[PDB]
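Note sheet for the following structure.
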Amino acid sequence: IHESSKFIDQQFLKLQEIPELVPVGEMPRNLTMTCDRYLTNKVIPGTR
Amino acid sequence: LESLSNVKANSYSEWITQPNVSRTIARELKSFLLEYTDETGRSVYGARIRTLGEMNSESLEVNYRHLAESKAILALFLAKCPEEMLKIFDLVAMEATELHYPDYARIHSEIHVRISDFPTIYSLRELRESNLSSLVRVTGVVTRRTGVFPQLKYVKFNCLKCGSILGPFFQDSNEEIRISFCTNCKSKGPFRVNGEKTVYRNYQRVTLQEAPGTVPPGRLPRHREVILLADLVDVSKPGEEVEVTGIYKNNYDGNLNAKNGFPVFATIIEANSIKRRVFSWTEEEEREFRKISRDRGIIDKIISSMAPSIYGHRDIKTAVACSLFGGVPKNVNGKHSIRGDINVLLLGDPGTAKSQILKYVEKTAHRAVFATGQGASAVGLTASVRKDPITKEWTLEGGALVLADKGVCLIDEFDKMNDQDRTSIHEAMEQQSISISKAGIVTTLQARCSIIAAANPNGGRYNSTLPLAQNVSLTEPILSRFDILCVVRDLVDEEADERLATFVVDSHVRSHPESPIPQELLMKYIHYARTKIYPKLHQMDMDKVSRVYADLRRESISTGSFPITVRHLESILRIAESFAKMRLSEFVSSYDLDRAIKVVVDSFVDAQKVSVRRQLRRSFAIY
Amino acid sequence: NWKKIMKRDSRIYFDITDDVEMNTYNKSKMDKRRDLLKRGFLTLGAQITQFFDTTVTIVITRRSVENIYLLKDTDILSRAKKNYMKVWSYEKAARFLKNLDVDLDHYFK
Ligand SMILES: Nc1ncnc2c1ncn2[C@@H]1O[C@H](COP(=O)(O)OP(=O)(O)OP(=O)(O)O)[C@@H](O)[C@H]1O
Ligand SMILES: [Mg+2]
Ligand SMILES: [Zn+2]
C-alpha cells in the first residue's frame, strides 16, 4: 500500500584514479560507490 | 613403500591419489626439503625458508634441476600430473615453515610453490592435444590486462530457517561449491553465501601473444589466455616480454554441449611462475655520487656521456643536459609563480639524428612521454572522454602533456600539427594546466612538464638569409615560450664529412653479424640530484648580472635585432640553477653564471640573419 | 674432556632416512629412542640442529655405518664421509651417553 509507506534517496558514483599518475600504455582504473540519505547531492563530476 | 613407486597400478592420476603412496611421496618430499644441499654445503632451502619467514612472504621457489637430480621419479611424475603434488608440496612447505617459525598460521595459512628451470621451452603455436593437463613453460608478450577481482577461498553459508552459519568449506578453484544439509535444522532448504564472513584471494586474466620477432615468415602470431592467482597479480604490465610456467588445461566448463556445430573445446593456461625475460639508490652508491660530484670538470664529464651513438653537436647535447636536469620552481607569497622547467626547440635539416636524440632522451629520463603531430602514436595531445574497449565504461584521459606531469614530453615533427593540438600545447606551456569541459565534467589538470620538440624549416632547407621567425610556420606566441633554440645547418664541409662517414661505416661493420659515466649510474645520478638538490643564489652577483643585461639590451636595440627581454634573464638564472644542481652543490657559482651566459647569448645570436649575426659576433666576442 | 668437546663444539643431528621397511609400531619405537637420545644430548649441551650442513659434527643414524661408499654422492652420509664428520649408530650414541653417565631410563577471569 503506497499511501502509507516511507522511502529514502539512493545514489551511485564512479571514482577514478588521478590521471597524472596512470602508467603509460594503460587505461585508468575506477570503482563504483553507493551513497544514500544525507550523502546525496554533495559533489559534482570533476571534483577531487 | 620406499622408492617402489616405479611400479604402476593404473593411470598416473589414479596411482598418485592412493593414500599410502600419498604418504610415501609426502615423506620423500620432506626428505628432499630437509636433506638437499649443493657442493658448498650451505642449506639452500633452509636459507630460503629463513628469508621467507623473516620477510613474511608466502611462496617458495624451487629448482627443477635439483629436484630431478635428487629424485628424478618425482620430477617425471610432476611433469605428468602436476595438479596433485602441488597440493602435497604445499602441505609439506606449510609444516616445514611451522617447524622453523612457530604459529606462522597466525599470519599466513598457506605457502605456495613456484617451480623454476623447466627444461623444455615451447612457443604458443606448438601446443597440441597431447599437452593437455600437463606442466608447460612458454614465452610470449603481454597484450592486455584486466583488473584484480576477489575469488572465494573459504566460504560460509547462512541457513534461512535457523540463522546458523555453516563452517568453512574449501573452494578448489575448479567449480563452485554447494551444500545441501543444515546441521541444526536437519534440513535441506535454501542457502546463501555470507559475504562478510568469507575469505577471498586475488584473480587476474592476461592475454599472451607470440613475440613478433620469432614467428617464421608468412604466418601470424598466435595468442592464449593466462590466469594469475594470489600474489602473481599486477607483476607484469603490457609491452613486457615474459616467460610463464603453468598448467595447460581445457575450459572443461565451456558453456554447454547443447550448442550446435562441431564439439570444439577452448583452452587456457593456469600460471604457476612468471618471470620477465631502476632509479632507487642506496648509501653505497650515494657515497659514490658524492665522490664523483667532488671531482672537477663534472659538467663536461656529464655532457660527454649523452647520446654516445651520435657524433658532434655539443650544443645540442649540452642543451639536452640542461633541460634534463632542470631548475627549481619558485612562488612568491603564493601569488606569483615562476616555472622551473627549461624548454628546448630543435630546428634542423633532414638527416640530423634529431629523432635519435629524442629516442635517447626517452630511454634515459625517468618519466618521458612520446607523441607526434603525424604518424602512429600510443597517445594524443588533447584531453578527452572515451569509452573503454573492454570494460565498456566512460573514462577521462588527458593528453601526453597531462600524463607527463613532473616529467618530460617529447614531440616529433612539431611543425605539422593541427589546430587543436597547437592550442593544447599553447595552453600547457603558458599556464601548465589543461582545462576540460566535456560530458558534464568541468575541471583542470596539472601539466607541469618539460617539452623537447623537433621540426623542419619551410621547404625542407634552412634559409640563413632570413630571420628564424620566417623560416618556420610557427608563430611568435609559441616560439617565445622556448628558452634554448638550437638551429642545425647541413653546411657541406670535407673534414666533417669524412668524420661522419667513418663513424657510420664503422658502426655498420661492427653491427654486422657473424670518460663518460656509465649509463646505469647516470640515471640514478639524475634521479637523486633532482630529488635532493635545491641550489640558491648569492646577492654578490647582482652587479655582474645587471651590467651584462644592460649591455645586451643596448647592443640589441642598437643593431635592431629581435628584442632582448627579461625572459632571457630569467632563462639565464634558470640555466645557472640547473648547472649548479648538476654539481650537487647547494649554491650557484660565477662559473655557472658564465656558462649560462654563454649558452643563452650564443642561442640568441645564432638565430639572426647573416648581417646581424656577423655584427653581433664582434660585439659579444667577450664570450 | 668429552663433555667439554660436546658443550663447546658438538653440532649434532639425526638421519631421518631409514634402510628398513619397518611397521608403524617399530617406527614409533625407534622414534621414541630418537627422542630419548635427543634429550640425552641436550642434557650434555651439544647443539642439535634441524638440517644437514657442513657445520654439523655428528650425525646419528639407523642405517648401516659400514656401507657409506655404496650411497649416492648427493647422499647425506656420503657428504658426511667426505667432510670427515663423525657418524654414529644409535647403539654407539647410547653407549657414549652411558659412558658419560647420562641416564636415559630415569587469568581465567
Ligand atoms: N650526425 C649524425 N651521426 C650519425 N648518424 C646520423 C647523424 N645524423 C643523422 N644520422 C642518421 O641518419 C638518419 C637520419 O634520420 P633521423 O630521423 O635520425 O634524422 P632527423 O634529423 O630526425 O631527420 P628527419 O626527421 O627530418 O628525417 C638516421 O639513421 C640517423 O641515425
Ligand atoms: Mg626523424
Ligand atoms: Zn538451520
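We number chain B the same way Swiss-Prot does; the residues here are 183-459, 473-709, 756-864, in that order.
Header says: electron microscopy, 3.3 Å.
Using N, Cα and C of the backbone, Cβ positions are placed for all residues, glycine too.
In Swiss-Prot, the motif 'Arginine finger' annotation falls on B:675-678 of the listed ranges B:386-389, B:675-678, B:853-856. Proximity of the binding-site residues (B:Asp544, B:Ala548, B:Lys549) to ligand 1: a Cβ under 6 Å from the molecule is found for B:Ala548, B:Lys549.
Close to the recorded ATP site, the chain also has B:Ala649, B:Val683: residues not among B:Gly543, B:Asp544, B:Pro545, B:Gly546, B:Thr547, B:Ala548, B:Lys549, B:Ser550 whose Cβ is within 8 Å of the site's Cβ mean position. DSSP assignment over the motif 'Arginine finger' (B:675-678) gives 0 helix, 0 strand, 4 coil.
Residues in the zinc finger (B:341-367) partition by DSSP class (helix H, G, I; strand E, B; coil) as 0 helix, 7 strand, 20 coil. Counting other C-beta atoms within 10 Å of each candidate's C-beta, the binding-site residues B:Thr547, B:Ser550 are led by B:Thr547. Counting every protein chain shown, 16 other Cβ atoms lie within 10 Å of the Cβ of B:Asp544 (ATP binding site).
Cβ neighbours of B:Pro545 (ATP binding site) (same chain, under 8 Å, six or more residues apart in sequence): B:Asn651, B:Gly655, B:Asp685.
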